[PDB]
Amino acid sequence: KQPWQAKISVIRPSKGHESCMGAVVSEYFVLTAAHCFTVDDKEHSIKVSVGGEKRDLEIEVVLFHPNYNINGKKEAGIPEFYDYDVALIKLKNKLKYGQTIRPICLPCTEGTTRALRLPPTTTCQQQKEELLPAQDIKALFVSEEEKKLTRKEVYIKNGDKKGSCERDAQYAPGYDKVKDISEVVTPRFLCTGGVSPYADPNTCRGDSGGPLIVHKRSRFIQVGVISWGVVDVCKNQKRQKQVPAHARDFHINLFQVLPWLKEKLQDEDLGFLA
Amino acid sequence: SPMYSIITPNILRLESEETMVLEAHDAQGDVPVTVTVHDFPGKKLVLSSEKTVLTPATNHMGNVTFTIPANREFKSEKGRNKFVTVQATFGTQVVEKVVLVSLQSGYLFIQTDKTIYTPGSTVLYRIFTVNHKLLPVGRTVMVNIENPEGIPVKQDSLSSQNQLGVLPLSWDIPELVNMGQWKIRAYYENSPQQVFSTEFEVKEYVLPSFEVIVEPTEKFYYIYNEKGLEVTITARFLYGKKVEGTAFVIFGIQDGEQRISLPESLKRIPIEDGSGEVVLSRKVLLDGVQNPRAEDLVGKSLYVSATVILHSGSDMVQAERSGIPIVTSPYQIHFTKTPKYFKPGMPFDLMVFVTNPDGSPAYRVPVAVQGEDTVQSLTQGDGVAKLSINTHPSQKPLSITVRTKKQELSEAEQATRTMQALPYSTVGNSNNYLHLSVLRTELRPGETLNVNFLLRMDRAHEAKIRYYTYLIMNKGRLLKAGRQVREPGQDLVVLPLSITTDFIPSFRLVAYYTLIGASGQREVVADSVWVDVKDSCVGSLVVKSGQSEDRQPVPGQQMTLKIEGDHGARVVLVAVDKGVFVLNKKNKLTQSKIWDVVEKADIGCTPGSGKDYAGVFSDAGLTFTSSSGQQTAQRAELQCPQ
Amino acid sequence: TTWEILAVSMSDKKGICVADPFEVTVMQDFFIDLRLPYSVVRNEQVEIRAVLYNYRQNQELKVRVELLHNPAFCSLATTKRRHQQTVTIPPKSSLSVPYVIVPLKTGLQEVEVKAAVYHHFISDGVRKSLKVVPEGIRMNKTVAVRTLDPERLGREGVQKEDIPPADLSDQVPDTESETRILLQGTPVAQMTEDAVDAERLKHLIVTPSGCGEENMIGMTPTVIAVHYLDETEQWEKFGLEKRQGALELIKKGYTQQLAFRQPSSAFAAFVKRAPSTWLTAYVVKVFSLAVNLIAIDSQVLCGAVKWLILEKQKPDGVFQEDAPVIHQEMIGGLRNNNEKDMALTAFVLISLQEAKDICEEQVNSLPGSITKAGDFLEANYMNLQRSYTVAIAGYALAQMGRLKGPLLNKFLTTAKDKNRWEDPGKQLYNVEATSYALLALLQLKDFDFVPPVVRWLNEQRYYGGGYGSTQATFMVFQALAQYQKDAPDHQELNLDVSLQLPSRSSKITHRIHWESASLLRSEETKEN
Amino acid sequence: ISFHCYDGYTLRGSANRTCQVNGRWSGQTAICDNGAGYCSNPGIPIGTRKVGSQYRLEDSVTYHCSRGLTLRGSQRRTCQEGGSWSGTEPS
Ligand SMILES: *[C@@H]1O[C@H](CO)[C@@H](O[C@@H]2O[C@H](CO)[C@@H](O[C@@H]3O[C@H](CO)[C@@H](O)[C@H](O)[C@@H]3O)[C@H](O)[C@H]2NC(C)=O)[C@H](O)[C@H]1NC(C)=O
Ligand SMILES: *[C@@H]1O[C@H](CO)[C@@H](O[C@@H]2O[C@H](CO)[C@@H](O[C@@H]3O[C@H](CO)[C@@H](O)[C@H](O)[C@@H]3O)[C@H](O)[C@H]2NC(C)=O)[C@H](O)[C@H]1NC(C)=O
Ligand SMILES: *[C@@H]1O[C@H](CO)[C@@H](O[C@@H]2O[C@H](CO)[C@@H](O[C@@H]3O[C@H](CO)[C@@H](O)[C@H](O)[C@@H]3O)[C@H](O)[C@H]2NC(C)=O)[C@H](O)[C@H]1NC(C)=O
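Protein chains in written order, with my numbering: chain A, 6 to 279; chain B, 2 to 643; chain C, 110 to 637; chain D, 48 to 138.
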C-alpha cells in the first residue's frame, strides 16, 4: 500500500539508533529530513531499508540543502532551528521497480502535469494553485504502528486557520521565550494537526522525514517533508490518548525548495518545468 | 520645601502608550528623575523604566511615555482586576502608587453587508481591529457565531497582522436552519471578558417594491388635545415614484411589553399620489381603556400599524411606528450633564439638557430657574442651554429647581426637574476655591476655545501663586499638559486652547494650584469640566457620483464612482438594495454609533467636580500622588459606580 | 431600485471613518416587474402577476407580452405554440398580466417573461427563480439523546453507544431526508472554597520585639499574613496601602534575629546561650517562606542548614535537640513528648525540603541528608500512634514521593470523620495537625480528600494570634494559602469521540477540550 | 471577459478568458471558492446554470444549458468521499 516509504537507520557511537523515514523519489535518490544526520555521521554508519526488505542498502552521499543550520539561532536563545529541513540520499545501487518499490511524484514536473489531467501548458504557479490552495487541504502521511505501516489522514491549515496554527509554536521546548513567532516559522513551512476542523493524528519522532502526501484521483503526490512537532504525543508505548488542542506539526513546503531540487535531480528524467 | 508630584490615569491599558507628568514645585536647579514600573505584587520583574531631568527653564516639567509590555504575567483570569507597582524617584525621594490595570486591548467593530438573510445564502462580514486611539493595530481575535438559542456554531482564531486592520470573513447558511435573531460575537485574545456583538435576522422572505413611512404629525401625543392624534402615511417606490392604492391603519396602546390593541380605530383610506391622512379620535381612545380618568394614560405609549395594498393586488407592505409616548409636557429636563458639586460664594454653571419625548434635542426653548427667573437661556442645536446663578458663602445643600418659559403654551404643560448639589469641602476651611467656566457652544475642529481661571482667596497668600497646571483627558489617555502663569493681583486669567481633531467626541479638563498658607502645609485645590466636541470623523470619507450627475442610470449601464478619502487608507465598500431597509433598519454601521461606544468606555464618571480635591480626580479618571502625602483613593472597579 | 453605498476607510495615521450612505437611483421607462413568492409547492396551481409599468409622459404603448416555455412548469405555453397577448397601456399607469403555472419538479426552477412595443425599438425581459418545495409538511424527529461519559457509563476508558435508524414510514414519496448528528461538551465547575476574610485578619500585623525567641513569636503572624493576603487577593477588603507598613515589620524581625546568631551559624535566645536545634530549624522554615517578599542572605540560611546537617544530624537521620527553647509555647505540638524522634525529625526535614531548592549548590550534603532523614520516617511510620506525629511525618515524606503502600493508607484513615486529625488532648495541636496533613494532601495531588479538610478549617474560624499561637497561625494560613493556588476550576474535558458509519470508510474523530466546549460539531448524512 | 472575486475568496482557474474561433472560451473555468466545503466548489461553466449552493458531503448539484443548446457531460454531480465530485464538468 505504501511502496515509496523508506526506513532509514543511523547508528551512532553510544548515542543510540536514529530511526527516521524517507521517500523514494528516483532510482538513486531518497528524499528525507536533514536533522536525522549531522556532519559527523559517516556513510558506513547510515543504512537505509526500503520495500520491507531485511537487508540494508548502502549509500554514497547525503546531500544537505545549503541553507540548513540547526544551531544558527543560539545567539537569540533558540536552541533548535528547523528551517530548510530537507536532504537527499544518493544510493550506491540502482533500484529495480516492481510491485513493492515504486517512486512518488513531485511538484512541477511533466508527469505531475498529466497525473492531474491538466494541459501541458500548465505553469509551476498554476500547479501550486492546484495542490495547495488557500483552504483546508485533505492530506495523509505514513506512520509505523506496532511494526506495521498505517496511514493517518490530516488537514493542511493553509487558509484562514493558518494563523491559528502557526502561533501555537510558542509552547514548543526551548521556544517558550521567543519574542516574534514568525522568526521561527518561515514561509517555507506548512502546518497540520489540531482540533479544528477535526482531530488530526499527530506525527511521532519515528515518523520524521516522511512524506506529506495528497491523494487525488487514485494517485499519490508528495507535497512536503515531515519536520518537527510541538508536543510529543508518542512515547513508544501507545499514542497518548489525551492530546492537547495546540498539538500541531510542521512540514517543509516543497514548492519553496524547487531550485535546489531541480539542480540535484537534473539527470534523473523527471522533467522539471521551466 | 520642595514638592514632587506624579499624575497618572486611573486605569492603565495593556499594550498601549500612557503618558506620565512630573513636576517639582519651589525648586532651583535640575532634578534627575528615574521612573521604574513594576507589577503587583512583590515586584518580580521590571515592566518599564524611563529617565528624565526636570530643568527650571521648563518650570520643572517633563512628560514621559511608557508602555505596559505584552508579557504573560497577566495570564491569570481569577485575578479579576490587575494592578501594578508604579514608582518614581526624584533624585533622592521615592514616590509610589498602586494603579488599576484593565486587560482591555482596544475596541472591535463588526460590519455586515445586510441585516436580514434567507436560507441558502452566504453572509459576508468584516472585522475592524483598532486600539484605544481608534488607530488600526494587529492582534489575535477570537470570532464566534451564535444561534437564537445562544450556542456558538463556528469558532475561529484570526490575526489582523499584515492586513491593515480589516479581516474579511464568510459563513454559508444551510437550507435547513433555525430562523430568528442570530448573533456574531468577537473578543481579543488577551481580554476575553470584553465581548463585542452584532445581530442579524434569518427569515424566509421576498423583497418588496415600495416602502411605507408611518410618521405622526407630532413626535408625541398630548392628553387634552381634542383633535386627537393625526398620523401621515407616506408610500413611495424604491426609485422615487409615488404609490396609488389603499391602506389599512390601526392604533394601539402598549404598557411595558403587554400590548393592548384598539379594534375600534380601524379605518380604510385610499392612498392618492403617495399620501394619506388618518386621525385617531379621543373618544375612541378613551372608550378602549374603559377609563373615566384621563390622567392614568401618562407613561403609556401608542403604536400605529399600516398596511398599503396596490391597485393591481400584486404586493403589500406592513409598516409600524411604535413608542409614541403620551405626556403632559412636550419637553423633559435632565441634569445628566450638570455637575452635582458646587462651591459656596462662587457662580455655579448649570448645563441644562432638554429633550423631545422621543429622545431628540429641542431647538429654541427658553430655560429659566424656578425661584430666580434672572437668566432665561435658550436651547442650542445640541439641546444645551447655559445658565448661571449667584451663590451665598454657606455650606447648605443647594436645591435648584429649573423650569421652562416657552411661550405659546400654558404653565401646566411646562416641564420641571429638581437636583441637589453638595458643597465642595475645602482643605482646612481656608475658603480657597477655583472655578472653571467655558463658553458653551458647538466646538468644531480648527476653532479656539477660551478657558477661564477664577481664583477666590484671601490676599495674604495670593502673592505666592505664580502658575497654574492644566491637563487634558481624552479617550482615557493624557493628551496635553502645560502651565498658565499668574501675577499677584490678577483674579482672572484666560488660556486660549486650540481645538484639533483629537478632542473628538469630548474631552475633560482638570487644573490645580499649590501653595502653603499659615501653617507649613501644602494645600491643593482642583476643579474639572467636561466639554463636548462635534462628533465627526477624524479624517474624512465622502462617496459621491464620479459621473457628472447625468440622468438616472439604466440597468446594465456602467458608472464612475468617486471615492474621496485620506491618503494611504484602505477603503472597503458595500452596495445594498434599499428594499432591505424596509424589513429591518436595525444594525446599521454608522459613525455616530462608533462614538457612542467610545464615550461609554471613559474612565471618568461625574461630569464635573467632586466632594473634595481627591474626589475630583477619581470622578474624572485620574490618580494623584505627591511627596507631601496627598493622594487619591484606590480604584478596584473597572466600571463607574451604579 | 435605489442602491445605498456604504464605505469605510482605514488609515494608519487618521484611523477609522465610515462614510455617509450615498444613494444611486436606477430606473427605466418601460419594464416588467415579476413578483414571485418565496416558495411554491410542487403540483399546486398558483397565479403569478407580471406587472408592466409605463412611465412615459404622454405616449400610450401597444405591447405584445409573451411567457416563455419551461418543461419544469405546466402552463398554456408549449413547445409549438407561443403564449403571447397584445395589450394597450395608457401613459402614467400600469397593467397587471395574470399567468397560471404548475411546477413539475423540485429544486430551483426558472421563469422568463419578455415583451416588446409596437413600431418602436423598446423591449424588456425578466428572468427570476423560485423554490419548488415538495409536497408535505416539514417535520423533525429526535432519534436519540445520549449522555457521553467514558469510565462512568463506559468501561476501560472507552464508551460505545449504538444508534438505531429512524422510522420514516410516513415519508413523502421521492423526497430527500437529512440526518443531523450533534456533539456538545458539558462544562464543569468544581473545587474552590471561600478564603478567610481579611477583615478578620487585621490583628495579625505584629511588630516583633524581644530576645532570640521573643522575636520569632512577633515575626510569625506578620510574615504569614502577608503570604496569605498575596495569594487570595484580599488587599482591597483589607484597605490597601498598609502593605508597605507590614513589609517594614518583616525587615524589623529579620534584623533582630541575626543579632542572636552564634558564630557556629546557629540561633539561640542569647549570644552566651548554647545553640539550639529547634530554633535554628524554625528560622529556616520562616526564612524560606520569606524569600518572596524581601531579601534573604545565602550565608545564614544555608549555614543554618549546614550546621543542622554536619553538627546536629546523626547518621540515622534523627535530629536531636541539644538545648530546647525557653518559650515552650511557640513549638506547638512538639511540646508533647510522645515520639520526639519522629516529630522533631519531621519538623527539620520540612525545613530542609523547603530550602532544598535554595541550598542545592552551596551545601553538597543536602541531597544526602534528605535521603538520610527520609529513610528513618519510613520504617517507623507503621508504628505511630498520635494523630499529630502522623501528620507531621506525612508531609515530610510527600515532598519526595515516598508516601505509598501501607504508609499512604495509614495517612488517610487517621482522620476522624474524614475532616480532622485531632489528638485526644490540646486544641492547639489539633488545629496545627489538620494543616500539616492538608499540605501533604496537596503535595500528593489527591484532591478528593481535600474539600472536607478545608471546610473544617474555615468553619472553626480560627483567625490566629495570641499566646502559644506561633505554630497555629503559621501553619493554618500556609495550608489555606497552598489550597487557593492548587485549586482547579474544572475537571478534565478531553473526549476522543470517533464515529464510524457504514456508509463511509473513514472514522470521523473529534476531540472536545475545555476551551472548545459548548460548540456543536454537526455532521450531516443524507443516508439513514 | 475577466473575473475577480469578492474579499475573502480565492480565484482558481483562468482569471482572463478569451472567446476563440470555435465558439468556446479559452483556459480553465473561473471559480470563486471560500474553502468551507468538504468538496470544492464545482463552479459554473459558461452557458450553464447550477442548482445547489451547499458543497458539503453527500450533496448534489444539477446543471442546465440555455435555450437551443445541448449539454455535454454530467447533468448531475455528487460529492464523494475524499473531496472529488462524481461525473465530469459540463460544457
Ligand atoms: C510631550 O512633550 C513633548 C515636548 O514638549 C511634545 O512634543 C511636541 O509635540 C508637538 C505636537 O506634535 C510638536 O509640535 C507643536 O505643535 C503645536 C500645535 O499647535 C504648535 O503650536 C507648536 O508650536 C509645536 O510646533 C512639537 O514640536 C513637539 N516637540 C517639542 C520639543 O515641543 C509631545 O507632544 C508631548 N506629548 C504629550 C502626550 O503630551
Ligand atoms: C424541529 O424541532 C423543533 C423542536 O425544538 C420544533 O419546534 C421549534 O422549537 C424552537 C425551540 O424551542 C422554537 O424556537 C423558539 O420559538 C419561540 C416561540 O414559541 C421563541 O420565543 C424563541 O425565541 C425560539 O425562537 C420554534 O419556534 C419551534 N417551531 C415551531 C413552534 O414551529 C420545530 O418546529 C421543528 N421543525 C420542523 C420544521 O418541524
Ligand atoms: C489579466 O489581464 C489583465 C488585463 O486584461 C491584467 O491586468 C493588468 O494589471 C496590471 C497590474 O500589474 C495593470 O497595470 C496598472 O494599470 C493601471 C490602470 O489604471 C495603472 O493606473 C497602473 O499604474 C498600472 O500600470 C495593467 O494595466 C492591466 N492590464 C490592462 C490591459 O489594463 C492582469 O494582470 C491579468 N492577470 C493574469 C492573472 O493574467
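Don't be surprised by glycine CBs; every beta carbon is placed ideally from N, CA and C.
Residue i, buried or exposed, once every other Cβ within 10 Å from all chains shown has been counted against 16
i, result
"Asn72(B)", "exposed"
"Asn453(B)", "exposed"
"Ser17(B)", "buried"
"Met248(C)", "exposed"
"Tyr576(C)", "exposed"
"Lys44(B)", "exposed"
"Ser6(B)", "buried"
"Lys476(B)", "buried"
"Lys407(B)", "buried"
"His312(C)", "exposed"
"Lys243(A)", "exposed"
Opposing strand residues paired with residue i [DSSP bridges]
i, result
"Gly56(A)", "Answer is none; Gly56(A) lacks a bridge partner."
"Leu143(C)", "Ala159(C)"
"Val355(B)", "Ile334(B)"
"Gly442(C)", "DSSP lists no partner for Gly442(C)."
"residue 69(C)", "Absent from the model: residue 69(C). The displayed extent of chain C is 110 to 637, so no value can be given."
"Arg620(C)", "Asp605(C)"
"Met26(A)", "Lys12(A)"
Proximity to residue i [Cα-Cα], best of the options
i, options, result
"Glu200(B)", "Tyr206(B), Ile185(B) and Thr470(B)", "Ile185(B)"
"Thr523(C)", "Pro424(C), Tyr572(C) and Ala542(C)", "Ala542(C)"
"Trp623(C)", "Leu263(A), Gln247(A) and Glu273(A)", "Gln247(A)"
"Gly354(C)", "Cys320(C), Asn446(C) and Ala334(C)", "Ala334(C)"
"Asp46(A)", "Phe34(A), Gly21(A) and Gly57(A)", "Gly21(A)"
"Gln122(D)", "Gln67(D), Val108(D) and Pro89(D)", "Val108(D)"
"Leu100(A)", "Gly56(A), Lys79(A), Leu123(A) and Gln131(A)", "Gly56(A)"
"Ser541(B)", "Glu345(C), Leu115(C), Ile114(C) and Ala128(C)", "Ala128(C)"
"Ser205(C)", "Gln194(C), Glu340(C), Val562(C) and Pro384(C)", "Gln194(C)"
Whole-Å CB distance - residue i paired with residue j, under 8 Å assumed
i, j, result
"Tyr85(D)", "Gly134(D)", "The pair is not a contact, with the Cβ atoms about 17 Å apart (cut-off 8 Å)."
"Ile621(C)", "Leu608(C)", "The pair is not a contact, with the Cβ atoms about 13 Å apart (cut-off 8 Å)."
Below-8 Å beta-carbon distance, residue i vs any chain G residue
i, result
"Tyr592(C)", "No chain G is part of this structure, whose protein chains are labelled A, B, C and D."
Requested in this report: Answer yes if the segment 554-570 of chain B comes into contact with the segment 113-129 of chain C, meaning at least three C-beta pairs across the two stretches below 8 Å, and no otherwise.
Outcome: Cβ pair count under 8 Å is three or more, so yes.
Query raised in the report: Should the segment 190-205 of chain A be called in touch with the segment 157-177 of chain A, which here means at least 3 C-beta pairs below 8 Å?
Result: With a cut-off of 8 Å, the segment 157-177 of chain A and the segment 190-205 of chain A count as touching, because enough Cβ pairs lie within range.
Query raised in the report: Can you find at least 3 beta carbon pairs, one from the segment 49-61 of chain D and one from the segment 221-234 of chain A, that sit closer than 8 Å?
Result: The segment 49-61 of chain D vs the segment 221-234 of chain A: no contact.
Query - Cβ contact check for the segment 100-108 of chain A and the segment 246-263 of chain A: 3 or more pairs under 8 Å - result: In short, these stretches do not touch, since the Cβ pair count stays below three.
Query raised in the report: Using 8 Å as the Cβ pair cut-off and three pairs as the minimum, do the segment 144-155 of chain A and the segment 184-194 of chain A touch?
Result: With a cut-off of 8 Å, the segment 184-194 of chain A and the segment 144-155 of chain A do not count as touching, because too few Cβ pairs lie within range.
Query raised in the report: Does the segment 401-418 of chain B come close enough to the segment 327-335 of chain B that 3 or more CB-CB pairs lie under 8 Å?
Result: Touching, per the Cβ criterion.
Requested in this report: Taking 8 Å as the threshold, find out whether the segment 201-208 of chain B comes into contact with the segment 107-120 of chain B through three or more Cβ pairs.
Outcome: At 8 Å Cβ cutoff, the stretches touch.
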